[PDB]
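Engineer: As input, take structure33.pdb (PDB, C-alpha atoms and all ligand atoms):
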```
ATOM      1  CA  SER H   1       0.000   0.000   0.000  1.00  0.00           C
ATOM      2  CA  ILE H   2       0.971   3.610  -0.597  1.00  0.00           C
ATOM      3  CA  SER H   3       3.420   5.170   1.899  1.00  0.00           C
ATOM      4  CA  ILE H   4       3.716   8.960   2.207  1.00  0.00           C
ATOM      5  CA  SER H   5       6.479  11.050   3.813  1.00  0.00           C
ATOM      6  CA  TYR H   6       5.735  14.716   4.455  1.00  0.00           C
ATOM      7  CA  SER H   7       7.560  17.704   5.900  1.00  0.00           C
ATOM      8  CA  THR H   8       5.739  18.942   9.027  1.00  0.00           C
ATOM      9  CA  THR H   9       5.397  22.286   7.174  1.00  0.00           C
ATOM     10  CA  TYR H  10       2.461  20.557   5.437  1.00  0.00           C
ATOM     11  CA  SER H  11       0.818  18.611   8.365  1.00  0.00           C
ATOM     12  CA  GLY H  12      -2.512  20.428   8.100  1.00  0.00           C
ATOM     13  CA  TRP H  13      -2.596  20.626   4.297  1.00  0.00           C
ATOM     14  CA  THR H  14      -4.524  18.192   2.168  1.00  0.00           C
ATOM     15  CA  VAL H  15      -2.729  16.217  -0.530  1.00  0.00           C
ATOM     16  CA  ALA H  16      -4.648  18.125  -3.210  1.00  0.00           C
ATOM     17  CA  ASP H  17      -3.732  21.442  -1.618  1.00  0.00           C
ATOM     18  CA  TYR H  18      -0.044  20.497  -1.542  1.00  0.00           C
ATOM     19  CA  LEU H  19       0.017  19.228  -5.158  1.00  0.00           C
ATOM     20  CA  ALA H  20      -1.733  22.386  -6.361  1.00  0.00           C
ATOM     21  CA  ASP H  21       0.884  24.545  -4.630  1.00  0.00           C
ATOM     22  CA  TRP H  22       3.882  22.575  -5.892  1.00  0.00           C
ATOM     23  CA  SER H  23       2.457  22.634  -9.412  1.00  0.00           C
ATOM     24  CA  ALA H  24       1.823  26.383  -9.276  1.00  0.00           C
ATOM     25  CA  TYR H  25       5.381  26.958  -7.986  1.00  0.00           C
ATOM     26  CA  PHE H  26       6.730  24.741 -10.779  1.00  0.00           C
ATOM     27  CA  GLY H  27       5.035  27.198 -13.204  1.00  0.00           C
ATOM     28  CA  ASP H  28       6.021  30.435 -11.418  1.00  0.00           C
ATOM     29  CA  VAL H  29       8.653  31.141  -8.755  1.00  0.00           C
ATOM     30  CA  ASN H  30       6.478  34.036  -7.570  1.00  0.00           C
ATOM     31  CA  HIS H  31       3.865  31.555  -6.348  1.00  0.00           C
ATOM     32  CA  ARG H  32       6.046  31.241  -3.224  1.00  0.00           C
ATOM     33  CA  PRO H  33       7.048  34.755  -2.210  1.00  0.00           C
ATOM     34  CA  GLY H  34      10.680  34.981  -1.156  1.00  0.00           C
ATOM     35  CA  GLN H  35      12.030  32.232  -3.406  1.00  0.00           C
ATOM     36  CA  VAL H  36      14.621  32.913  -6.134  1.00  0.00           C
ATOM     37  CA  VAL H  37      15.578  30.694  -9.059  1.00  0.00           C
ATOM     38  CA  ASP H  38      19.190  29.610  -8.641  1.00  0.00           C
ATOM     39  CA  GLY H  39      19.347  25.824  -9.074  1.00  0.00           C
ATOM     40  CA  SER H  40      22.026  24.599 -11.511  1.00  0.00           C
ATOM     41  CA  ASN H  41      21.249  20.885 -11.446  1.00  0.00           C
ATOM     42  CA  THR H  42      18.343  20.296 -13.853  1.00  0.00           C
ATOM     43  CA  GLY H  43      18.222  16.511 -13.519  1.00  0.00           C
ATOM     44  CA  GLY H  44      17.980  13.697 -16.040  1.00  0.00           C
ATOM     45  CA  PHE H  45      18.039   9.896 -15.964  1.00  0.00           C
ATOM     46  CA  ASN H  46      20.240   8.019 -13.455  1.00  0.00           C
ATOM     47  CA  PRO H  47      22.230   6.189 -14.740  1.00  0.00           C
ATOM     48  CA  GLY H  48      20.956   7.507 -18.056  1.00  0.00           C
ATOM     49  CA  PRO H  49      21.124   8.638 -20.624  1.00  0.00           C
ATOM     50  CA  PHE H  50      17.507   7.481 -21.275  1.00  0.00           C
ATOM     51  CA  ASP H  51      16.898   4.732 -18.726  1.00  0.00           C
ATOM     52  CA  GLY H  52      17.369   4.600 -15.031  1.00  0.00           C
ATOM     53  CA  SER H  53      16.315   3.828 -11.529  1.00  0.00           C
ATOM     54  CA  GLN H  54      15.585   7.580 -11.265  1.00  0.00           C
ATOM     55  CA  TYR H  55      14.324  10.339 -13.465  1.00  0.00           C
ATOM     56  CA  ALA H  56      14.776  13.785 -11.901  1.00  0.00           C
ATOM     57  CA  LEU H  57      13.783  17.205 -13.239  1.00  0.00           C
ATOM     58  CA  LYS H  58      13.868  20.852 -12.142  1.00  0.00           C
ATOM     59  CA  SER H  59      11.492  23.454 -13.485  1.00  0.00           C
ATOM     60  CA  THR H  60      12.902  26.197 -15.709  1.00  0.00           C
ATOM     61  CA  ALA H  61      10.632  28.820 -14.119  1.00  0.00           C
ATOM     62  CA  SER H  62      11.595  27.975 -10.493  1.00  0.00           C
ATOM     63  CA  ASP H  63      13.622  25.489  -8.485  1.00  0.00           C
ATOM     64  CA  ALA H  64      10.604  23.237  -7.994  1.00  0.00           C
ATOM     65  CA  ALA H  65      11.739  19.713  -8.740  1.00  0.00           C
ATOM     66  CA  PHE H  66      10.777  16.089  -8.606  1.00  0.00           C
ATOM     67  CA  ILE H  67      12.404  12.690  -8.625  1.00  0.00           C
ATOM     68  CA  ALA H  68      10.650   9.593 -10.019  1.00  0.00           C
ATOM     69  CA  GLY H  69      12.053   6.274  -8.772  1.00  0.00           C
ATOM     70  CA  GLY H  70      11.666   2.749 -10.095  1.00  0.00           C
ATOM     71  CA  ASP H  71      12.874   1.090 -13.294  1.00  0.00           C
ATOM     72  CA  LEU H  72      12.202   3.691 -15.949  1.00  0.00           C
ATOM     73  CA  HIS H  73      12.698   3.975 -19.700  1.00  0.00           C
ATOM     74  CA  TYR H  74      12.283   6.506 -22.494  1.00  0.00           C
ATOM     75  CA  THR H  75      11.779   5.143 -26.006  1.00  0.00           C
ATOM     76  CA  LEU H  76      13.162   8.122 -27.964  1.00  0.00           C
ATOM     77  CA  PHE H  77      12.359   7.296 -31.652  1.00  0.00           C
ATOM     78  CA  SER H  78      11.724   3.598 -31.025  1.00  0.00           C
ATOM     79  CA  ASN H  79       8.089   2.702 -31.529  1.00  0.00           C
ATOM     80  CA  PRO H  80       6.048   3.742 -29.563  1.00  0.00           C
ATOM     81  CA  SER H  81       8.143   6.913 -29.709  1.00  0.00           C
ATOM     82  CA  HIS H  82       8.518   9.525 -26.962  1.00  0.00           C
ATOM     83  CA  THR H  83       7.121   7.156 -24.330  1.00  0.00           C
ATOM     84  CA  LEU H  84       8.217   7.128 -20.695  1.00  0.00           C
ATOM     85  CA  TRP H  85       7.432   3.649 -19.337  1.00  0.00           C
ATOM     86  CA  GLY H  86       8.353   0.954 -16.846  1.00  0.00           C
ATOM     87  CA  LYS H  87       8.007   0.577 -13.079  1.00  0.00           C
ATOM     88  CA  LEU H  88       7.193   3.652 -11.024  1.00  0.00           C
ATOM     89  CA  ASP H  89       7.635   3.057  -7.303  1.00  0.00           C
ATOM     90  CA  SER H  90       7.927   6.630  -6.033  1.00  0.00           C
ATOM     91  CA  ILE H  91       7.523  10.314  -6.659  1.00  0.00           C
ATOM     92  CA  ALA H  92       9.314  12.828  -4.438  1.00  0.00           C
ATOM     93  CA  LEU H  93       8.466  16.493  -4.754  1.00  0.00           C
ATOM     94  CA  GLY H  94      10.384  19.458  -3.447  1.00  0.00           C
ATOM     95  CA  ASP H  95      12.810  22.264  -4.248  1.00  0.00           C
ATOM     96  CA  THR H  96      16.251  22.060  -5.920  1.00  0.00           C
ATOM     97  CA  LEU H  97      18.129  18.927  -7.024  1.00  0.00           C
ATOM     98  CA  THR H  98      21.491  17.715  -5.789  1.00  0.00           C
ATOM     99  CA  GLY H  99      23.581  14.733  -6.823  1.00  0.00           C
ATOM    100  CA  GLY H 100      23.413  12.698  -9.980  1.00  0.00           C
ATOM    101  CA  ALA H 101      24.452   9.389 -11.421  1.00  0.00           C
ATOM    102  CA  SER H 102      28.087   9.642 -10.228  1.00  0.00           C
ATOM    103  CA  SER H 103      27.296  11.199  -6.829  1.00  0.00           C
ATOM    104  CA  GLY H 104      24.891   8.777  -5.084  1.00  0.00           C
ATOM    105  CA  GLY H 105      21.896   9.432  -7.263  1.00  0.00           C
ATOM    106  CA  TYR H 106      19.684  12.457  -7.280  1.00  0.00           C
ATOM    107  CA  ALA H 107      18.210  13.993  -4.130  1.00  0.00           C
ATOM    108  CA  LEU H 108      16.112  17.003  -3.339  1.00  0.00           C
ATOM    109  CA  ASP H 109      17.711  19.784  -1.319  1.00  0.00           C
ATOM    110  CA  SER H 110      14.353  20.354   0.297  1.00  0.00           C
ATOM    111  CA  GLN H 111      12.117  17.258   0.067  1.00  0.00           C
ATOM    112  CA  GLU H 112       8.526  18.341   0.800  1.00  0.00           C
ATOM    113  CA  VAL H 113       6.453  15.267   0.106  1.00  0.00           C
ATOM    114  CA  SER H 114       7.190  11.721  -1.138  1.00  0.00           C
ATOM    115  CA  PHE H 115       4.658   9.123  -2.365  1.00  0.00           C
ATOM    116  CA  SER H 116       6.141   5.607  -2.356  1.00  0.00           C
ATOM    117  CA  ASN H 117       4.989   2.028  -2.926  1.00  0.00           C
ATOM    118  CA  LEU H 118       2.952   3.352  -5.824  1.00  0.00           C
ATOM    119  CA  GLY H 119       2.898  -0.080  -7.535  1.00  0.00           C
ATOM    120  CA  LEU H 120       2.660   1.461 -11.015  1.00  0.00           C
ATOM    121  CA  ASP H 121       3.993  -0.585 -13.900  1.00  0.00           C
ATOM    122  CA  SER H 122       3.279   0.442 -17.503  1.00  0.00           C
ATOM    123  CA  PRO H 123       4.342  -1.828 -20.351  1.00  0.00           C
ATOM    124  CA  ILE H 124       5.875  -0.437 -23.497  1.00  0.00           C
ATOM    125  CA  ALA H 125       2.734  -1.673 -25.410  1.00  0.00           C
ATOM    126  CA  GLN H 126       0.625   1.118 -23.898  1.00  0.00           C
ATOM    127  CA  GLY H 127       2.850   3.846 -25.286  1.00  0.00           C
ATOM    128  CA  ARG H 128       1.887   7.378 -24.213  1.00  0.00           C
ATOM    129  CA  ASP H 129      -1.387   5.934 -22.870  1.00  0.00           C
ATOM    130  CA  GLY H 130       0.398   4.205 -20.009  1.00  0.00           C
ATOM    131  CA  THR H 131      -0.181   5.577 -16.533  1.00  0.00           C
ATOM    132  CA  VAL H 132       3.551   5.847 -15.819  1.00  0.00           C
ATOM    133  CA  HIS H 133       3.902   8.074 -18.884  1.00  0.00           C
ATOM    134  CA  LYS H 134       0.922  10.214 -17.903  1.00  0.00           C
ATOM    135  CA  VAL H 135       2.218  10.689 -14.359  1.00  0.00           C
ATOM    136  CA  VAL H 136       5.886  11.397 -15.148  1.00  0.00           C
ATOM    137  CA  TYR H 137       5.411  13.289 -18.458  1.00  0.00           C
ATOM    138  CA  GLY H 138       2.729  15.398 -16.721  1.00  0.00           C
ATOM    139  CA  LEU H 139       5.174  16.289 -13.965  1.00  0.00           C
ATOM    140  CA  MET H 140       7.715  17.353 -16.545  1.00  0.00           C
ATOM    141  CA  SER H 141       5.529  20.461 -17.165  1.00  0.00           C
ATOM    142  CA  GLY H 142       4.552  20.733 -13.502  1.00  0.00           C
ATOM    143  CA  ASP H 143       1.174  19.110 -14.060  1.00  0.00           C
ATOM    144  CA  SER H 144       0.294  16.844 -11.129  1.00  0.00           C
ATOM    145  CA  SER H 145      -3.223  15.854 -12.225  1.00  0.00           C
ATOM    146  CA  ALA H 146      -2.323  12.279 -13.291  1.00  0.00           C
ATOM    147  CA  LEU H 147      -0.241  11.786 -10.139  1.00  0.00           C
ATOM    148  CA  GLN H 148      -3.108  13.118  -8.041  1.00  0.00           C
ATOM    149  CA  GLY H 149      -5.593  10.653  -9.553  1.00  0.00           C
ATOM    150  CA  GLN H 150      -3.273   7.732  -8.812  1.00  0.00           C
ATOM    151  CA  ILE H 151      -2.699   8.855  -5.224  1.00  0.00           C
ATOM    152  CA  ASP H 152      -6.465   9.239  -4.754  1.00  0.00           C
ATOM    153  CA  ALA H 153      -7.027   5.635  -5.999  1.00  0.00           C
ATOM    154  CA  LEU H 154      -4.291   4.260  -3.790  1.00  0.00           C
ATOM    155  CA  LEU H 155      -5.634   6.037  -0.719  1.00  0.00           C
ATOM    156  CA  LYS H 156      -9.190   4.738  -1.344  1.00  0.00           C
ATOM    157  CA  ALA H 157      -7.695   1.230  -1.578  1.00  0.00           C
ATOM    158  CA  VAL H 158      -6.410   1.599   2.027  1.00  0.00           C
ATOM    159  CA  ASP H 159      -9.792   2.814   3.340  1.00  0.00           C
ATOM    160  CA  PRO H 160     -12.904   4.256   1.661  1.00  0.00           C
ATOM    161  CA  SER H 161     -12.606   7.256   4.000  1.00  0.00           C
ATOM    162  CA  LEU H 162      -9.207   8.355   2.640  1.00  0.00           C
ATOM    163  CA  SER H 163      -8.692  10.583  -0.413  1.00  0.00           C
ATOM    164  CA  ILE H 164      -6.610  13.457  -1.777  1.00  0.00           C
ATOM    165  CA  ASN H 165      -8.837  15.684   0.366  1.00  0.00           C
ATOM    166  CA  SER H 166      -7.432  14.088   3.540  1.00  0.00           C
ATOM    167  CA  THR H 167      -4.810  16.110   5.423  1.00  0.00           C
ATOM    168  CA  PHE H 168      -1.309  14.669   5.873  1.00  0.00           C
ATOM    169  CA  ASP H 169      -1.963  14.461   9.597  1.00  0.00           C
ATOM    170  CA  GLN H 170      -5.233  12.493   8.941  1.00  0.00           C
ATOM    171  CA  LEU H 171      -3.249  10.170   6.673  1.00  0.00           C
ATOM    172  CA  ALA H 172      -0.659   9.731   9.440  1.00  0.00           C
ATOM    173  CA  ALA H 173      -3.450   8.671  11.854  1.00  0.00           C
ATOM    174  CA  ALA H 174      -4.587   6.129   9.218  1.00  0.00           C
ATOM    175  CA  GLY H 175      -1.082   4.668   9.092  1.00  0.00           C
ATOM    176  CA  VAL H 176      -0.272   5.781   5.523  1.00  0.00           C
ATOM    177  CA  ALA H 177       1.790   8.903   6.148  1.00  0.00           C
ATOM    178  CA  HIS H 178       4.798   9.863   8.285  1.00  0.00           C
ATOM    179  CA  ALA H 179       6.087  13.346   9.144  1.00  0.00           C
ATOM    180  CA  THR H 180       9.643  14.601   8.546  1.00  0.00           C
ATOM    181  CA  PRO H 181      11.322  17.835   9.706  1.00  0.00           C
ATOM    182  CA  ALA H 182      10.897  21.003   7.592  1.00  0.00           C
TER
HETATM  183 NA    NA S 201      16.265  28.766  -5.038  1.00  0.00          NA
END
```
Could you spell out this file's structure in structure tokens?
Structural biologist:
Amino acid sequence: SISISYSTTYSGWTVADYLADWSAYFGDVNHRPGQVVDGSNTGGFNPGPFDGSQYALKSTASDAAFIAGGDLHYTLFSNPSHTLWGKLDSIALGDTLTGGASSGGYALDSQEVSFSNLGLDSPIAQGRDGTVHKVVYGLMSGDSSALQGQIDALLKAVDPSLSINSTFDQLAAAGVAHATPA
């Protein structure tokens, strides 16, 4: 079942509220007053160049960033072309990337929220219709709608009462989520 780690900054926020804010910040640094854009590490595949156990990316408009973990692949020109597929175990969201393939993998300088044990596995046959593609390609432009829908489904699988409108603290009571320092 889904496991969620969250900075205590977000304890009283709902999952939907948090994803909306991260996505808005991905589109515009000004969404979070006080932040400046000064990240140099923009991510990529680890090990890469186009497959890895991680795919990390930083926004161009802000230092909002994410890291997808699992066993991931990008088809390039191979049919079905421009497809991101494979096993997606985790999505971590936050601000600024550090590391890389030769430095212990990618990490977030400030990890805000992580969603793990996602259990997503999209075969190459589905192409750009696969859920892994929709989730990770969406996040590449800061769009968290596909991710959100998968989190909602996974929460409802734990208990009918849980959803993306639950707070992180409510999800912690349910046994799904765990707080981290800010
Ligand atoms: Na910054």
Engineer: Using the chain letters and residue numbers of this document, give as a ChimeraX atom specification the residues selected by the PyMOL selection byres (((not hetatm)) within 6 of (chain S and resi 201)).
Structural biologist: /H:35-39,63
Engineer: Of the candidates H:1, H:126, H:167, H:54, which shows the shortest atom-to-atom distance to residue H:81, using all atoms listed in the file?
Structural biologist: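 Result for the nearest residue to residue H:81: H:126.
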Engineer: Can you pull out every residue within 8 Å of stretch 99-111 of chain H, counting all atoms listed in the file, but drop anything in the same chain fewer than 6 positions away, and send it as a ChimeraX atom specification?
Structural biologist: /H:7,43,45-48,54,56,65-67,92-93
Engineer: Just the number, please: distance in Å from atom CA of residue H:117 to atom CA of residue H:20, one decimal.
Structural biologist: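 Going from atom CA of residue H:117 over to atom CA of residue H:20 covers 21.7 Å.
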Engineer: Which residues, named as in the file, does the PyMOL selection byres (((chain H and resi 52) around 10) and not hetatm) pick out? Answer as JSON, numbers by chain.
Structural biologist: {"H": [44, 45, 46, 47, 48, 49, 50, 51, 53, 54, 55, 68, 69, 70, 71, 72, 73, 74, 86, 101]}
Engineer: Distance atom CA of residue H:142-atom CA of residue H:41, one decimal place?
Structural biologist: 16.8 Å
Engineer: Counting all atoms listed in the file, which residue out of H:182, H:124, H:64, H:176 sits closest to residue H:154?
Structural biologist: H:176
Engineer: Pick the closest to residue H:91 from H:30, H:5, H:60, H:163: which is it, counting only C-alpha atoms?
Structural biologist: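 Between H:30, H:5, H:60, H:163, the residue approaching residue H:91 most closely is H:5.
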Engineer: Could you write out as lines of an AutoDock Vina configuration file the box around stretch 49-59 of chain H (axis-aligned, all atoms listed in the file, 3 Å on each side), with centre and edge lengths in Å to one decimal?
Structural biologist:
```
center_x = 16.3
center_y = 13.6
center_z = -16.3
size_x = 15.6
size_y = 25.6
size_z = 16.0
```
Engineer: Atom CA of residue H:26 and atom CA of residue H:61, how far apart in Å?
Structural biologist: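 Between atom CA of residue H:61 and atom CA of residue H:26 the gap works out to 6.6 Å.
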Engineer: Decode the PyMOL selection byres (((chain H and resi 115) around 7) and not hetatm) for the given file into explicit residues and return them as a PyMOL selection string.
Structural biologist: chain H and resi 2-5+90-92+113-114+116+118
Engineer: Could you please take those selected residues and save C-alpha atoms as a short mmCIF file (atom, residue, chain, number, x, y, z; two decimals), in the frame of the given file?
Structural biologist:
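Contents of selection23.cif, as written:
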```cif
data_model
loop_
_atom_site.label_atom_id
_atom_site.label_comp_id
_atom_site.auth_asym_id
_atom_site.auth_seq_id
_atom_site.Cartn_x
_atom_site.Cartn_y
_atom_site.Cartn_z
CA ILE H 2 0.97 3.61 -0.60
CA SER H 3 3.42 5.17 1.90
CA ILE H 4 3.72 8.96 2.21
CA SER H 5 6.48 11.05 3.81
CA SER H 90 7.93 6.63 -6.03
CA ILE H 91 7.52 10.31 -6.66
CA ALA H 92 9.31 12.83 -4.44
CA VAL H 113 6.45 15.27 0.11
CA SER H 114 7.19 11.72 -1.14
CA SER H 116 6.14 5.61 -2.36
CA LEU H 118 2.95 3.35 -5.82
#
```
Engineer: Just checking: using all atoms listed in the file, which residue out of H:125, H:120, H:24, H:147 ends up closest to residue H:75?
Structural biologist: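 Closest candidate: H:125.
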Engineer: Which residue is closest to residue H:16? Choose from H:89, H:159, H:152, H:129 and count all atoms listed in the file.
Structural biologist: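 Smallest separation from residue H:16 among the options: H:152.
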Engineer: Could you give me, as an mmCIF file with C-alpha atoms, in the coordinates of the input, the residues within 7 Å of stretch 133-141 of chain H, counting all atoms listed in the file and dropping anything in the same chain fewer than 6 positions from it?
Structural biologist:
```cif
data_model
loop_
_atom_site.group_PDB
_atom_site.id
_atom_site.type_symbol
_atom_site.label_atom_id
_atom_site.label_comp_id
_atom_site.auth_asym_id
_atom_site.auth_seq_id
_atom_site.Cartn_x
_atom_site.Cartn_y
_atom_site.Cartn_z
ATOM 1 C CA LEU H 57 13.783 17.205 -13.239
ATOM 2 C CA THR H 83 7.121 7.156 -24.330
ATOM 3 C CA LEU H 84 8.217 7.128 -20.695
ATOM 4 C CA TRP H 85 7.432 3.649 -19.337
ATOM 5 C CA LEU H 147 -0.241 11.786 -10.139
#
```
Engineer: Which one of H:180, H:122, H:59, H:79 sits closest to residue H:27 if you count all atoms listed in the file?
Structural biologist: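 Of H:180, H:122, H:59, H:79, the one nearest residue H:27 is H:59, counting all atoms listed in the file.
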